[PDB]
Structures are given as C-alpha cells and as structure tokens.
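Undergrad: can't give you the sequence, but here's the structure:
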Ligand SMILES: O=P(O)(O)O[C@H]1[C@H](OP(=O)(O)O)[C@@H](OP(=O)(O)O)[C@H](OP(=O)(O)O)[C@@H](OP(=O)(O)O)[C@H]1OP(=O)(O)O
C-alpha cells in the first residue's frame, strides 16, 4: 500500500481500504498517518470524504491516542481547508459540535461552532445549522444567547426563509413570558411577505393572539391582515 | 462513513470469496457541570473540618 | 462618482426629469399648554 | 461513487485540464494579451550615412495584415456600438423624456440608482 | 431594522414591625 | 385617462421628426472648403474639443489627404499631448495606410513623451510583434524594464521570451526582476518557471538565492514574515518531493533558528511533520500551535470565556510553568466593563472560581488564596450594583477550612450588610446549621425576613427549625407572629397557607383544642367560605365521638350559612352534611339532607 501511495496510484477508495485494514489490525495510530498522507493529494471535493472518515475514526475509537487538543486541531484544519474551497461542510460542523459537547461539556462552545457553520449557496444546509444551533441554545443556554442567535438568523436569512424563524422567535418569547416582545416580533414578521404567500405566519399570529391577546389586540391583528392584503 | 467506509466494508466482505480459494436553564450550566467535581471535593473537605469543629 | 446635477431652478436643455429628481419637539410647549389649562380651570372654579 | 476510483494521477490530469472598475494599465495589458491571442490565430536593419535614418526590412504581407486587422477590428467595434445604440433607442420604462438627448440623460440618471 | 423592546418589559417601612415582632419572641430552650 | 406620462410621450413623438453627390473635382473642392471652414471655426472657438479634433482629422483621412490629417493630429497634440485616445487614433491612422515608419516615429515619440503610460508601450510592442520584428520587441522590453516599470511590464517581458522559447532570456529577466521587484511572489515566480522550463540544479540554486537574499537583507525588513514563511515552506516541500527529506528538515531547523519570531514558519513545520515526520514530535508542536491559536483568539476578543476555559486547560496540561501568569492575565483581561449580572459577568466569575480552586488544590497556599479573596471581594465585584452569592459562600467555606470561623461569620455578616441576597442568606443558614450553632441561625432568619418580608418560603422555615430544636412553645409563638397583623406584607393566600402549615404543626403536637381555635381563626380569615366550613367539619371529624363532632360541625356550618343569608351557602352546608353522612354516618342523615335541600333556591 505504501508503494502504491508513493507512486500516486492510490485511489480514494483504496486510501480508505488501507486505513480500514490498519484499523482492523489494531494499528489505529498508524491508520491516521494514512489519512494524513493521502488527504492533501486529492481535490477538496474528495478531501471532504476522507476528512469525514479521518475525523469519525479519530473521535470514536478505543485505540486512538489523540489528545483533545489534537482532535480540535484536526477539526479546525478540516473546516479551514474545505470552507476555503466552498465545499459543503455541514457534517464536519455537526461532528465538531458533538465532539465539543462530548470532550469538555462546553455547550456554549458547541453552539458557537454551529453558528460559525450557519453564518459562513448551500442554503438548505445553513437552514439546518440555524435550526440546530437555535434549538440547542433554547434547550441549554437560555435567553441571553438565544436572542442573539435569533436576531442574527432573522437578519441574515432572506424573506420567506426568515419567517420560519420569526414564528419560532415569537413562540420562544411567548413561552419565556415576554408576550409584548412576541407580539412585536410577529408584527415584524407579518410585514415581510404578502399574506397571499405568508399563511404560515398568519395562522400562528391568530393562535398567539387567542392564547395571549384579547379582543382589542386581536382586532388590531385583523386590521393588520386586511391592510397588508391591500 | 457513508461515502468511502461503506464501499470499503463491501470490499472486505467480497474478500471472503477470495479467502475461500485461499484456503482450498441557567446561562452558566456548562461551566457548572465542568466545575462540579471540584466543588464537591472542596465541600467534602469543608464537611470534614466542620465535623471536627 | 459625482452625481449628475439636476437643477430645480434652471433647465437649459428643456429636459423632462422624474418629479423625484426635480423636487422640533420640546417639552416646554406641553408644559406651557398644560399650565394654561390649569390656570383656566383655576379661574373657572 | 464513480469518482472514488480515479487515481491520484488521474486527479492531477483532470484538475489541470479542467481547473468593480478597471485601471487603464490593467485594461492595457488585457487588450495586449487579447491581441496576442488573435495573432496566434493568424500566424535586419540598415543605416544610411547621408540622411542618418535607419530602415527596417519589413514583410509587406505582414504590414498588409496589420492594416487589415486594425480596419476589421475598428469595423467590428463600430457595428457593435451601432447595435447597442439601436437597443438603447428602443428600450422603454425610463422616466418620461421629450427628445433623444433627454432620454439618454434620464437613462444616465437611472444608472446612478444602482 | 428589527427593533424590540428591552428584555423584561411586560404587557400593559415594615422593617420596624418585623424587628419588633422578632424581638418579642420568647427565649429559646436549646433542648436539642 | 390622460396622464403626465402620456402627455410627454406625445410630446416626444411630436418632436421626433437630401443626399447630394459630388460629380467632379470642382464640387469636391467646394465641399472640402465648406467642411474645413466649419471644422476650423469650431476648433477656433473651442480648441479643447479633442473629439472634434479627431473627427476633423478623420475627415481629412476620408479625403485621402494624409498630409492634412497628419497636420490636424499634430495640432491636436499641441493642444493636449496627454489625451491617450488622440495618440492611439493617430498611430492607428498611420498604420491603416501602411505608413509603418511614420507610425514607428510616432510611437517612439509617444513613449518618449509619456513613458509611464503602459498603453503606449503595449501599442509599440504589439505593432512590432505583428511585423515579426522579434529583436525590436526585445529591445523595446529591455528599455521599458530598464525604466523600472510595474510588475505588469516584467511579466509581459517574461511572456515574450517564453513565446520565443528563450529560456536563458527568461533566466536573465528574472535575475533582473527580483532586483526591481523584491516581493516574494517574484522569487516564487522564478522558481515556478525553473520547475517547468529548467533543470533541478537551477531550481535548487534559485531557492538558495532566495534564502541567502532574505537572510542577508533581513536587517532591512523588506519581506513580511508571511512571505519568508511561504518561501521556506515552498523550498521545504520541493525538497520533500525530491525525496531529500533530510535537506528539508535541515532547512526548517536552520530557518527557524535564524527567524524564531515567525509563528507561521513553526506551523509550516507542523504541517510538514504531520505527513512526513513522526508521532513523537507532532504533539508538542500541536500544543504550541494551539497555544498560539488561543492567544490570537483571546487577544482579538477578550470576553470569549469559553476559549479562556480551553486556554487554561491547554496551559495547565502542556506548559505547567506558565499556569500562574496566564491566570493573572485571565483575571485582568476578561474583567467586564458593564455594571450588571449579564452573561459576561456570570461566565467571568467562574474563571476566578477556577483560579481559587486550582490554588487551593495544587498549591495549598492558604496565604495566596486569602490574598485572592481579598482582591476579588474588595476590588473587582461592584457590590453597590450586584454581587455573586457563590463567591461569599466559597469564601466562608475556605475560611472555615482554615479554622478562622469567627472571621467567616464576620465576613458573612459583612456580605449581608453590603448586599443582601436570597442565596447568600440561604447558604449562610445552611453553613450555620452544619455548624450546629442553632441559636445563631434564628438570628440569621430575622435579618432574612427583614430583607424580604413577603415570601412565605422564609416564614415556613422556623417551623421545622424550632421543631428540630424541640421548642414547642417557641414554635407556637413564631407561628402566631407569622400570621399576625404585623406580616401584612404577605398576600392573603400566603397567609392562609402559613395558617394551614401552623395548624398542621399544631395537629402534630396533639394540641386538638389549639388546632380547633386556629381552624376557627382561619375560617374567619377565609371570610366564612364554604370550603372553610368543610375544612372545619373535617378538623372536627379528626378530633363515635368523631361522628358526633362531625354532626356538630354540620350544624355549625348550617348556622353560618343561615347567618350569611346565602342560599348557595345553605346548599353547601347540606352537601357537607350529606358527605359526612356518606363518610361516617348513615342513610338517615342523607335523607335529612334531602329534606333540607331547597327547591329550584327556596330553602324549606
Ligand atoms: O436572588 P436569588 O433568589 O438568591 O437567586 C440566586 C442568584 O441569582 P441572581 O444573582 O440572578 O439573583 C444566584 O446567582 P449568583 O448570586 O450566585 O450570581 C443563582 O446562581 P447562578 O448564578 O449559578 O444561577 C442562584 O441559583 P442556584 O441556587 O442554582 O445557584 C439563585 O439562587 P436560588 O435558585 O435559590 O434563588
């Protein structure tokens, strides 16, 4: 195998075949040397697959002796190199967040890593990273961080994409008890799109006003709807 | 995994055919979690001293 | 990039341009007005 | 899954076979390079004593080709601008105008809103 | 620009008596 | 409908509204005279109209009178010799009529007049190259480059010699180009050339020139560190490709020795060693690289306390001699500017707590730790605005650890004084309970209830406190004070809850009569609610004497309902009587309740 690699006849499937041969023979620490010897040779589009294999083996394998600062060094190297070439790096960002939760338990660092992924064109992936980053912040980090993530996600994403997060922000504020902030968040969200193509916010606006508003505010919502339709 | 390890596992399975011929809420929750064992150790040292008193 | 000048007084070539191209709060006032309302009520009563 | 089986050598081959505003110096170099590309598609001295001027033994065929290349590129540029002017003279949506120069002025004003 | 009200906005001498009452308490027996 | 837009379209259409031939020389002369008079008139009135000058020259070109056209161009150059389009038009006019020597004389004048205008040099170059005058093009580039032009001219000269396949010429040009333009991209352009168009002996010699140059000229600081780093990395990777890993290793060692201040060079050695080196030397370099990365992230953003925690882990894991210093930086760098318990202060205080815990565990330096507590409490935390309860409780635990318990109580009283806090009081209470000085805990509780008098949470604690102490009389007095009129700051529901707790406590002590008195008081507090009457009946039932007491309580409930003159109260009393009959009575009392039931109410 080493002579194939030296001759530059190694193919991505064979570079993984060698690494899996070594891992099956408990020579895991030398498996990583295969990945590092081969990743630089291929274009970034294939470096993505080999990086996924390398990091998945490094983070979860009983024989790997990589210290946590080494595994972080690998992760940061992967994200810097691949994002320097525009390759979708969603899986590496998710794996990095999971590893950061595992090794140290710093949820705040895990969320910030996901936010780095969502803020950096693969719009569906950035919507998945915004949903995971925000849900994790809601579940573990509370308002002081959740608000700074929501008001960035809404600000960055275009219309008809940020509306999903306007409804989610309003629901978060309604649960946290700031009903007025939720009402004005939904008021901001209603203006983003014509109600003909914006029903998703409008039925949740009706739900919110029935749950937390009253007759005079609900009538104001209806005024808003008919004014917006014109 | 799905891209290259999935193919290579098939390769290591196809080699069995060759082997046959071979043989034939808190905003600081996370820091609290990290720092908890040290707090517990310090609390036990306090308990021992306060029991001495 | 210096914008092209469009004058609101002069039009040497007789051009036609879009209308867009051709075309204070102090509490003392409220305080005064309410003082005069109070004085009016004082006298009226 | 078909791309996982190319050697490193094949990736080197494939990656080498298929890898606002401009300053006048940069535009000049680019125009020079374009003219050299065009040339690639197409392709002694003596000094007198009495007058002192030097003469160069040029190829009259190359001098003809040069004059023709300059005439044809001027012609091509002129016709391209002529078509662009007809397009400008027929497009609509710009603010009301009363003559052609007023139309060109309103279009210029519209380009500032970019 | 998405302008929000600040976080926390919502929709829409007894110390002497406490001290006197505490001082009126009976003495403790410490029977434990 | 009429519109202003429609009106103006009609104006536009309203306003938007002969080909003579020349048959002989006389008519041509008339025409040319008229045209020349026109053009000369305009140029006389406004000589600065360069466009008109060019159009007049072109008109003479169309008359085939090159002498007149030349004169017009010359006169225009007299007006403005800086207008590049005029020069270019004149040169093109000369070339179009095949007057190559006039065009040459003119292009030489142009570059002599405006040598810094690249367009004129490129015009001369492309003209001579079109005529296959390779040696003239070469002499032109030699002069241009001798005038020290920008990198574009040098790149073009290299491209020219590459077209000529004159590899020695390209070496000589690069030999001059690195002097004219010392930037490291120029040296890397030369090595990039020698790799594809030259032997390896030359490639090594050019890399050696590059390093010897940056070494000798280092004292001028011409190159930035990133440039030298790219030069060294490129040279090392090139020697690694040539299988001479030993010479790349020597290169990295000697270069790092020469320029220790370049972090990018150390990182390049890490990148090289991770794929061509060994396991042992990789992790120490990775630790240093991560130290630098955390340092960069922290200097860019000092309030990133997640990275502070990781940075402290890295330094105490790999560089034990730098632990204390980096702590003294974390304290002073990350301290917040604000004056509120926002997330930054809450996360900052844990760096201080980690510093304290580390000192206590790994050094046992009680003097230093006491100095740290003094610095924190007295200086850093803005007590007048807020305080962290955990800090003072930790100070108390440490102080008790070192036998200064009176000083621990002193600092706790001080903590109460400067900033009362619910958690501070709770922790003080907890610690004093563990101290088993129970008599002091109640004096703590009075300060607590002074701090915030409305919460029943504090009010309920004296119950099980004095119950643990066994003082029944003190507990009863405290309970009576809790529900007394002096506690009007508590809500009505809270007062009822406290009364219920006191009633349960009295029932625990088998004081049935006092329990009944308190139940009557609570019914008075409940404004004689029917639920209060039901609770009184249940309490009587808990006091066959229970059944008789329940019957008496039912009679009392009926009397109270009648006194309130409420039919709903009477119905509630009847339901209570029926429930007592069902629970501890018989069907006879249920029938009596049916008789007392009012018709749809009208009591009978
Ligand atoms: O005012 P309290 O009712 O006593 O609340 C305190 C206090 O919260 P605040 O400072 O926001 O008032 C503590 O914060 P610190 O004083 O220590 O800064 C907080 O601790 P955390 O900062 O860790 O959240 C603690 O909660 P906990 O007891 O879980 O430590 C909580 O005490 P209570 O929950 O008993 O009210």
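TA: Ah, there it is. Numbers count the residues shown, from 1 in each chain, chains lettered A, B, ... in the order given.

Undergrad: ranges for the helices of chain C?
TA: Assigned by DSSP state H, chain C shows helices spanning C:19-22, C:27-44.

Undergrad: mind checking the ones you listed for the one nearest to residue D:84?
TA: helix C:19-22 (24.8 Å; Cβ to Cβ). All C-beta atoms are positioned from the backbone trio N, CA, C, and that covers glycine.

Undergrad: mind listing what the closest residue to chain B within chain E touches?
TA: Closest contact between chain E and chain B, by Cβ to the nearest Cβ, is at residue E:7 (12.6 Å). Counting by Cβ atoms under 8 Å, 6 or more residues apart in numbering or on different chains, residue E:7 touches A:143, A:147, A:178, A:181.

Undergrad: so the second one versus residue A:176, what's the distance?
TA: Read it as residue A:147. Distance, residue A:147 to residue A:176, by Cβ to Cβ, to the nearest Å: 9 Å.

Undergrad: ok, the two, which is more surrounded?
TA: Neighbour comparison, residue A:147 and residue A:176: the larger count goes to residue A:147, with 19 against 16 (by other Cβ atoms under 10 Å in any protein chain shown).

Undergrad: which residue packs closest to that one, ignoring adjacent ones?
TA: Computed as Cβ to Cβ, 6 or more residues apart in numbering or on different chains, the closest residue to residue A:147 that is not its neighbour in sequence is residue E:7, at 7.3 Å.

Undergrad: sec struct for that neighbour, please.
TA: Under DSSP: H, G, I helix; E, B strand; the rest coil, residue E:7 falls in the coil class.

Undergrad: now do the SS call for the closest residue to chain D within chain E.
TA: Per Cβ to the nearest Cβ, residue E:1 is where chain E lies closest to chain D, at 21.9 Å. Classification of residue E:1 by three-state DSSP places it in coil.

Undergrad: is stretch F:5-22 in proximity to chain C?
TA: Yes - applying Cβ under 8 Å from any Cβ of the partner chain, one finds stretch F:5-22 touching chain C at F:8, F:11.

Undergrad: buried residues, that stretch. List them.
TA: F:8, F:12 (16 or more other Cβ atoms under 10 Å in any protein chain shown).

Undergrad: stretch F:293-304 now?
TA: F:293, F:294, F:297, F:298, F:302, F:303, F:304.

Undergrad: near chain A too, which of those?
TA: Among the buried residues of stretch F:293-304, chain A is touched by residue F:293 when using Cβ under 8 Å from any Cβ.

Undergrad: rewinding a little: export the contacts of residue E:7 as JSON lines, with columns for distance to residue A:94 and secondary structure.
TA: Formatted as JSON lines, the contacts of residue E:7 follow (distance: Cβ to Cβ, whole Å; DSSP: H, G, I helix; E, B strand; the rest coil):
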{"residue": "A:143", "distance to residue A:94": "24", "secondary structure": "helix"}
{"residue": "A:147", "distance to residue A:94": "23", "secondary structure": "helix"}
{"residue": "A:178", "distance to residue A:94": "31", "secondary structure": "coil"}
{"residue": "A:181", "distance to residue A:94": "30", "secondary structure": "helix"}
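
Undergrad: for these, which one is nearest residue F:407?
TA: residue A:143 (39.0 Å).

Undergrad: gap between the residue nearest to the closest one when sequence neighbours are not counted and chain D?
TA: Nearest non-adjacent residue to residue A:143, counting by Cβ to Cβ, 6+ apart: residue A:176, 6.0 Å away. Separation of residue A:176 from chain D (Cβ to the nearest Cβ, to the nearest Å) stands at 43 Å.

Undergrad: ok, now residue F:316?
TA: 43 Å.

Undergrad: I'd guessed that residue sits against residue F:355; true?
TA: No - using Cβ atoms under 8 Å, residue F:316 makes no contact with residue F:355, being 11.0 Å away.

Undergrad: so these two - more neighbours on which side?
TA: Using other Cβ under 10 Å as the criterion, residue F:316 and residue F:355 rank with residue F:355 on top: 20 against 16.

Undergrad: of the contacts of residue E:7, closest to residue F:252?
TA: For these, the nearest to residue F:252 is residue A:147 (48.7 Å; Cβ to Cβ).

Undergrad: enumerate every residue touching the residue nearest to residue F:240 when sequence neighbours are not counted.
TA: Nearest residue to residue F:240 in three dimensions, chain neighbours excluded: residue F:248, at 5.0 Å (Cβ to Cβ, 6+ apart). Applying Cβ under 8 Å, 6+ apart, we find residue F:248 in contact with F:235, F:236, F:237, F:239, F:240, F:272, F:276.

Undergrad: go through those residues and name the one nearest chain A.
TA: residue F:276 (8.4 Å).

Undergrad: which of the residues in the longest helix along chain D are classified as buried?
TA: Longest helix in chain D, counting residues (DSSP H): helix D:60-88. For helix D:60-88, a neighbour-count test (16+ other Cβ under 10 Å) marks D:62, D:63, D:65, D:66, D:67, D:69, D:70 as buried.

Undergrad: just give the nearest non-adjacent residue to the third one, would you?
TA: Beyond its immediate neighbours in the sequence, the residue positioned closest to residue D:65 (Cβ to Cβ, 6+ apart) is residue D:42, lying 6.7 Å away.

Undergrad: quick one: is the helix or strand where residue F:447 lies near the ligand?
TA: Using DSSP states H and E, residue F:447 sits within helix F:438-451. No - Helix F:438-451 does not reach the ligand (Cβ under 6 Å from any ligand atom); its nearest approach is 10.5 Å.

Undergrad: quick one on the thing from earlier: ok, the residue of chain E closest to chain D to residue A:151 distance?
TA: 10 Å.

Undergrad: more neighbours: which of the two?
TA: The neighbour count for residue E:1 versus residue A:151, taken as other Cβ under 10 Å, is higher for residue A:151 (15 against 4).

Undergrad: wait, a helix at that one?
TA: Yes - counting by three-state DSSP, residue A:151 is located in a helix.

Undergrad: contacts only, for it.
TA: Counted by Cβ under 8 Å, 6+ apart, residue A:151 has contacts A:169, E:2, E:4.

Undergrad: now do the second one against chain C, distance only.
TA: With the distance defined as Cβ to the nearest Cβ, residue E:2 ends up 25 Å from chain C.

Undergrad: quickly find the element holding the closest residue to that residue other than its chain neighbours.
TA: Computed as Cβ to Cβ, 6+ apart, the closest residue to residue E:2 that is not its neighbour in sequence is residue A:188, at 5.3 Å. Using DSSP H and E, residue A:188 sits within helix A:179-190.

Undergrad: buried sites along the strand or helix carrying the residue nearest to residue F:240?
TA: Per DSSP H and E, residue F:248 falls inside helix F:245-258. By 16+ other Cβ under 10 Å, the buried positions in helix F:245-258 come out as F:248, F:249, F:251, F:252, F:255.

Undergrad: which of these lies closest to chain D?
TA: Closest to chain D, out of all of the buried residues of helix F:245-258 and judged by Cβ to the nearest Cβ, is residue F:248, at 20.9 Å.

Undergrad: from chain E, how far out is that closest one?
TA: 55 Å.

Undergrad: now residue A:33
TA: Applying Cβ to the nearest Cβ to residue A:33 and chain E gives a distance of 51 Å.

Undergrad: mind checking which helix or strand the residue nearest to the spatial centre of chain D is in?
TA: In chain D, the centroid-proximal residue (Cα atoms, centre = their mean) is residue D:31; its distance is 5.7 Å. Using DSSP H and E, residue D:31 maps to helix D:24-42.
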